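One structure is given here, and the rest of the page talks about it.
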2 protein chains.
Amino acid sequence: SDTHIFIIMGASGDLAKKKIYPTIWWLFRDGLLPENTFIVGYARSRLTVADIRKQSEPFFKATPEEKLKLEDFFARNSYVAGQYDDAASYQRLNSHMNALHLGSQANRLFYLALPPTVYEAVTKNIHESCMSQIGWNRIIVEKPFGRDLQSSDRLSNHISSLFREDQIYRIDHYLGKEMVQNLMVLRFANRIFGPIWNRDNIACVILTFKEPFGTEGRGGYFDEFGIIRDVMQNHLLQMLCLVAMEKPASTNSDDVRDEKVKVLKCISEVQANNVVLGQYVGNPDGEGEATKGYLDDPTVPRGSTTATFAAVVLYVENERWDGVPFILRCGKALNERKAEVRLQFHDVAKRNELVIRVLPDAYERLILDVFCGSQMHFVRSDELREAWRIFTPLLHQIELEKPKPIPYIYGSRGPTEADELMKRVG
Amino acid sequence: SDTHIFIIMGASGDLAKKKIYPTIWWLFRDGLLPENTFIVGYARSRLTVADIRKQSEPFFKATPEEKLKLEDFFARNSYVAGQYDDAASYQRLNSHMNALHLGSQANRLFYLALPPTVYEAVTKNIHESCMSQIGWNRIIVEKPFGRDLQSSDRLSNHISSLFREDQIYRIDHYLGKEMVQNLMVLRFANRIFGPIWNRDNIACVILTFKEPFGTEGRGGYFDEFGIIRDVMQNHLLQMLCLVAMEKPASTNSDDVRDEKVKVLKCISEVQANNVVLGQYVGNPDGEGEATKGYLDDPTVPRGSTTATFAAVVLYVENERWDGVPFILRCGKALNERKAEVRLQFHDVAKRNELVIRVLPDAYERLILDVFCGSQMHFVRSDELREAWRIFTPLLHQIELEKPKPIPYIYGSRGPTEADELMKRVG
Ligand SMILES: NC(=O)c1ccc[n+]([C@@H]2O[C@H](COP(=O)([O-])OP(=O)(O)OC[C@H]3O[C@@H](n4cnc5c(N)ncnc54)[C@H](OP(=O)(O)O)[C@@H]3O)[C@@H](O)[C@H]2O)c1
Ligand SMILES: NC(=O)c1ccc[n+]([C@@H]2O[C@H](COP(=O)([O-])OP(=O)(O)OC[C@H]3O[C@@H](n4cnc5c(N)ncnc54)[C@H](OP(=O)(O)O)[C@@H]3O)[C@@H](O)[C@H]2O)c1
């Protein structure tokens with residue numbers, strides 16, 4: 001119908017005040033939100049709507065002549081306080097949601113702005129207390145999708161037990177404002193160059209995510225995570241799919257995501273001698289955050305073997321590709337800020353290659369994609385499992401054998417051995 | 001065999017001293033010339049080899065430690081003096097060429113560094129006096145290939161009467177050091193994207209030759225010629241062919257040139273309402289040659305209606321293309337120095353487009369291409385005729401009706417109406 005509730009589970013939190021409260025303001029402010037939308041915060045910390053505004057409006061960029069819309073926005077806002085495993089609380093939520101205008105019939109969008117240590121609990125209660133009887137129910141689950149296959153599996157199974165895959169919006173939104181455009185053009189590209197993109201013409205596909213800036217004083221988070229999990233397993237691996245996938249049956253969210261998965265099921269398990277891990281050390285003869293290395297960051301615990309740059313060769317194995325090496329190369333603290341897919345062709349009779357680089361605005365597009373109900377740019381349960389199947393074995397070997405990453409100087413291309421790997425293949 | 005003669009017909013001239021004498025030095029100097037090569041100058045002006053050196057070595061970039069090769073080069077040089085229609089002179093040439101070591105058997109390369117007002121004469125004499133009996137004979141003919149169809153036809157017929165098309169090397173070499181690379185990648189590109197490049201995917205191909213610099217004090221030459229003849233009829237029209245051509249039967253000089261011609265025969269005659277001619281006026285608020293316009297050049301005769309920039313729509317008409325408008329856009333004194341072919345695609349469910357931009361070194365590659373005997377990057381008699389057939393009617397209408405070109409400010413993109421034309425089509 002025409003009435004929507006946006007439940008921000010964990011409204012006290014950072015993602016809460018710093019991204020979603022604002023990002024929703026910017027969709028209200030420019031009337032992209034369904035007209036009869038309400039916002040309900042739900043955490044333990046006993047606070048008022050006014051209280052949220054005071055710490056959050058800073059990040060809004062409220063200009064003294066839009067402040068009559070804004071007043072109307074906080075009029076739509078409420079907050080109920082309660083535990084995440086206390087049916088009495090989820091009760092005091094669900095019954096307050098019925099109070100709101102047409103709440104009975106209303107659509108329900110649940111944003112789990114909560115560390116997934118509490119997902120099993122929150123999901124179970126939302127199921128049996130809070131789900132709309134008439135309205136659709138959609139849960140936005142946040143990274144990490146677990147750390148290995150075993151863990152992502154155990155959790156993903158808990159959620160796909162309570163919720164249909166068409167209610168599970170897994171949101172990755174951390175690699176910057178253009179992050180969805182990346183995925184669009186690489187699909188618009190599979191369409192065009194489909195008949196060309198074969199082992200026949202192509203020798204070596206390379207997908208590249210460079211960032212120039214460091215970990216910047218938050219290395220301590222990046223640490224318990226690492227560059228393979230932060231960029232490759234999720235994003236790079238996804239666009240690799242968009243390149244190698246077949247003609248989707250249609251343009252349906254599920255027909256494409258099907259095709260992506262089909263690619264993934266035909267990649268076997270990345271092995272160590274196809275991988276060059278690299279950690280950044282600070283710059284002698286530079287200035288800014290570039291004098292500081294990874295280990296100079298005081299939130300990184302002493303002597304971290306954590307990869308801050310990786311180069312990895314995957315083979316898709318079927319008729320269409322095969323021998324064809326996909327190279328995923330990505331790093332924090334490098335030379336440029338580049339996101340590009342290069343396809344090198346067999347220069348039969350200087351090698352020849354094709355390159356692909358990069359008003360609603362990535363995160364914003366994802367909040368609307370979920371309200372609309374297109375699951376396109378979100379990862380599917382089965383897509384994720386396959387993704388983990390691949391990297392887990394390597395990842396497990398690294399946690400265990402704790403191999404020292406190849407030092408590389410801040411603002412470098414990466415380690416030298418990374419390029420020597422690209423060549424040892426094609 | 002292993003013995004070659006390079007006859008520079010018109011050795012006194014500019015192209016003589018400023019380009020070919022040097023360019024051959026640079027192929028001798030880096031031993032790319034067949035080992036037993038001789039150089040013979042032939043003009044009227046009674047001068048010595050020494051005499052050539054004095055005015056020409058300046059342009060050589062002779063470095064005081066390669067000057068033992070160089071001595072050996074001028075040892076290979078000679079010069080015989082004679083008229084261009086005096087069988088007694090062509091006699092004193094041909095008999096002096098027999099004198100040279102193995103001249104009897106020798107291969108003969110004739111460079112017509114002569115204004116084509118004398119081509120009919122020189123060609124006829126060379127035929128009946130000078131052609132090697134054993135060795136191959138190749139004539140390098142220089143621009144202009146005439147000015148209209150009637151004229152290019154009358155001359156081209158005179159030459160294709162004395163010489164097999166596999167002896168007629170028509171050399172265009174004036175649009176800069178990378179000019180052959182342009183044509184290479186656009187063919188390497190027809191190969192790759194062949195199956196894609198259809199009316200199905202593509203809406204609007206645009207081929208673009210911008211130069212930032214003026215006519216620079218030599219407008220007076222450009223004038224009796226004009227931007228359609230200087231850049232479009234010849235170069236742009238050629239790469240249009242390389243884009244739209246079919247799979248050549250093989251990679252033979254003649255199989256490809258065949259395919260190019262096939263494209264051209266399927267373009268009908270450019271008409272005036274598909275054309276935006278533009279002349280540059282100098283820059284008020286700039287400096288250098290940019291204060292000066294076209295007409296401020298003192299070699300341009302007062303009130304010239306001469307096009308210094310053109311935008312033209314051609315339609316290739318067959319199954320493969322059709323409706324598909326090729327737009328050729330080119331200008332002297334513009335914003336950048338760009339040579340690029342853009343292919344815009346039908347963005348089914350911001351318009352999407354493919355772009356193509358840009359040790360032996362263009363002119364150098366052409367001198368060797370002719371010694372080797374690959375006629376690839378040279379225009380064919382029949383290719384040229386078709387080229388002229390197209391532009392002549394328009395061109396004739398402009399000489400006759402003398403239409404004032406749209407003024408455009410130096411360092412501009414071109415005239416505004418040029419873009420309004422691109423849109424009135426696609
Ligand atoms: N790239 C990334 O991986 C990335 C970036 C940012 C965040 N995230 C994800 O975003 C989600 C939200 O994190 P956040 O940054 O907003 O901050 P957070 O402070 O970790 O979580 C926000 C709220 O969660 C509650 N909370 C925190 N720790 C808890 C615990 N151990 N037990 C129970 N409740 C707890 C608190 O609510 P109350 O005190 O009010 O009850 C807190 O204000 C997480 O899933 C996180 O993994 C992902
Ligand atoms: N983009 C272009 O269109 C371009 C650029 C440069 C030149 N070209 C072409 O290059 C060729 C050579 O021209 P150039 O620049 O070297 O200079 P040029 O001086 O016009 O010709 C060189 C020599 O030709 C002879 N000559 C000149 N005018 C003559 C006439 N009316 N009758 C008889 N002989 C004559 C003279 O030789 P002697 O006094 O020693 O007998 C002169 O030294 C021409 O075909 C020209 O069209 C093309």
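In the structure tokens, each chain is lettered A, B, ... as it comes, each chain's residues begin at 1, and ligands are numbered from 1 in order of appearance.
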Would you give me, as a tab-separated table, each residue of chain B having an atom within 7 Å of an atom of ligand 2, along with its shortest atom pair and that distance in Å to one decimal, using only C-alpha atoms and all ligand atoms and sorting by chain and residue number?
```
residue	atom	partner	partner_atom_place_in_ligand_line	distance
B:10	CA	ligand 2	23 (C)	4.6
B:11	CA	ligand 2	40 (O)	6.4
B:12	CA	ligand 2	43 (O)	4.1
B:13	CA	ligand 2	22 (C)	3.1
B:14	CA	ligand 2	16 (O)	3.8
B:15	CA	ligand 2	16 (O)	3.8
B:16	CA	ligand 2	16 (O)	5.4
B:43	CA	ligand 2	40 (O)	4.2
B:44	CA	ligand 2	41 (O)	3.6
B:45	CA	ligand 2	40 (O)	4.1
B:112	CA	ligand 2	11 (C)	6.9
B:113	CA	ligand 2	12 (C)	4.1
B:114	CA	ligand 2	12 (C)	4.2
B:115	CA	ligand 2	45 (O)	3.8
B:116	CA	ligand 2	45 (O)	5.2
B:117	CA	ligand 2	31 (N)	6.9
B:118	CA	ligand 2	33 (C)	6.3
B:142	CA	ligand 2	45 (O)	4.8
B:143	CA	ligand 2	3 (O)	5.0
B:144	CA	ligand 2	47 (O)	5.4
B:174	CA	ligand 2	1 (N)	5.3
```
- prompt: Can you tell me, as a ChimeraX atom specification, what residues are no more than 8 Å from residue 387 in chain B when counting only C-alpha atoms, ignoring any on the same chain fewer than 2 positions away?
  reply: /B:233-234,237,264,383-385,389-391
message: Quick check, in Å to one decimal: how far apart do CA of residue 411 in chain B and CA of residue 212 in chain B lie?
response: 6.3 Å
message: With only C-alpha atoms considered, list every residue of chain B at most 12 Å from chain A, as a PyMOL selection string.
response: chain B and resi 181+184-189+191-198+200-202+250-252+343-357+359
- request: Tell me, in Å to one decimal, how far CA of residue 307 in chain A is from CA of residue 270 in chain A.
  value: 15.8 Å
- prompt: Within 7 Å of residue 108 in chain B, counting only C-alpha atoms, which residues qualify if same-chain residues fewer than 3 places away don't, as a list in words?
  reply: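 Everything that qualifies: residues 4, 5, 6, 132, 135, 136, 137 and 138 of chain B.
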query: Please, which residues of range 89-284 of chain B, numbered as in this document, come out alpha helix (DSSP H) from DSSP, as a PyMOL selection string?
result: chain B and resi 89-99+119-125+149-162+179-192+219-223+227+237-244+253-265
message: List the spatial neighbours of residue 266 in chain A as a ChimeraX atom specification - criterion: any atom at most 7 Å away, only C-alpha atoms, same-chain residues fewer than 3 positions off excluded.
response: /A:262-263,316-317
task: Compile the contact shell of residue 402 in chain B as a list in words: residues with an atom at most 9 Å away, counting only C-alpha atoms, same-chain residues fewer than 4 positions apart removed.
output: residues 305, 306, 397 and 398 of chain B
Those same residues - C-alpha atoms - I'd like them written as a PDB file, in the first residue's frame.
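Listed below is the output, selection-v3.pdb:
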```
ATOM      1  CA  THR B 305      35.331  31.759 -47.427  1.00  0.00           C
ATOM      2  CA  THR B 306      37.689  28.781 -46.812  1.00  0.00           C
ATOM      3  CA  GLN B 397      28.795  23.579 -54.656  1.00  0.00           C
ATOM      4  CA  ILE B 398      31.115  25.382 -52.145  1.00  0.00           C
TER       5      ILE B 398
END
```
For range 65-71 of chain A: contacts at 8 Å, only C-alpha atoms, fewer than 4 positions along chain excluded, given as a list in words: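 Residues meeting the cut-off are residues 25, 29 and 75 of chain A.
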Selected residues written out, N, CA and C atoms, as a PDB file, in the first residue's frame:
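Listed below is the output, again_33.pdb:
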```pdb
ATOM      1  N   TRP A  25      17.075  11.194   5.940  1.00  0.00           N
ATOM      2  CA  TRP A  25      16.827  12.657   5.822  1.00  0.00           C
ATOM      3  C   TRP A  25      16.960  13.109   4.347  1.00  0.00           C
ATOM      4  N   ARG A  29      14.039  14.619   2.454  1.00  0.00           N
ATOM      5  CA  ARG A  29      14.334  16.023   2.062  1.00  0.00           C
ATOM      6  C   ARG A  29      14.057  16.204   0.562  1.00  0.00           C
ATOM      7  N   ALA A  75       9.013  14.803  13.156  1.00  0.00           N
ATOM      8  CA  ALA A  75       7.604  14.542  13.510  1.00  0.00           C
ATOM      9  C   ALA A  75       7.247  13.099  13.147  1.00  0.00           C
TER      10      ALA A  75
END
```
- prompt: Mind checking DSSP for range 83-232 of chain A and telling me the strand (DSSP E or B) residues as a PyMOL selection string?
  reply: chain A and resi 107-112+137-142+168-171+202-210
message: Please list as an MDAnalysis selection string every residue within 9 Å of residue 301 in chain A, counting only C-alpha atoms and excluding residues in the same chain fewer than 3 positions away.
response: chainID A and resid 220 223 295 297:298 304
Suppose we keep N, CA and C atoms; can you now write the selection as a PDB file, in the first residue's frame?
```pdb
ATOM      1  N   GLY A 220      42.846  -0.963  13.505  1.00  0.00           N
ATOM      2  CA  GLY A 220      42.387  -1.922  14.526  1.00  0.00           C
ATOM      3  C   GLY A 220      41.112  -2.642  14.137  1.00  0.00           C
ATOM      4  N   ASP A 223      42.030  -4.727  10.814  1.00  0.00           N
ATOM      5  CA  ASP A 223      42.889  -5.843  11.278  1.00  0.00           C
ATOM      6  C   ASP A 223      42.053  -7.118  11.449  1.00  0.00           C
ATOM      7  N   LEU A 295      51.520  -0.587  10.736  1.00  0.00           N
ATOM      8  CA  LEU A 295      51.899  -0.957  12.126  1.00  0.00           C
ATOM      9  C   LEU A 295      52.128   0.290  12.994  1.00  0.00           C
ATOM     10  N   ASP A 297      50.012   2.656  13.005  1.00  0.00           N
ATOM     11  CA  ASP A 297      48.622   2.911  13.478  1.00  0.00           C
ATOM     12  C   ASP A 297      48.448   2.287  14.856  1.00  0.00           C
ATOM     13  N   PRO A 298      48.175   3.108  15.891  1.00  0.00           N
ATOM     14  CA  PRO A 298      48.089   2.622  17.269  1.00  0.00           C
ATOM     15  C   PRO A 298      46.903   1.726  17.640  1.00  0.00           C
ATOM     16  N   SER A 304      51.410  -7.417  13.476  1.00  0.00           N
ATOM     17  CA  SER A 304      50.246  -7.954  12.739  1.00  0.00           C
ATOM     18  C   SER A 304      50.747  -8.505  11.405  1.00  0.00           C
TER      19      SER A 304
END
```
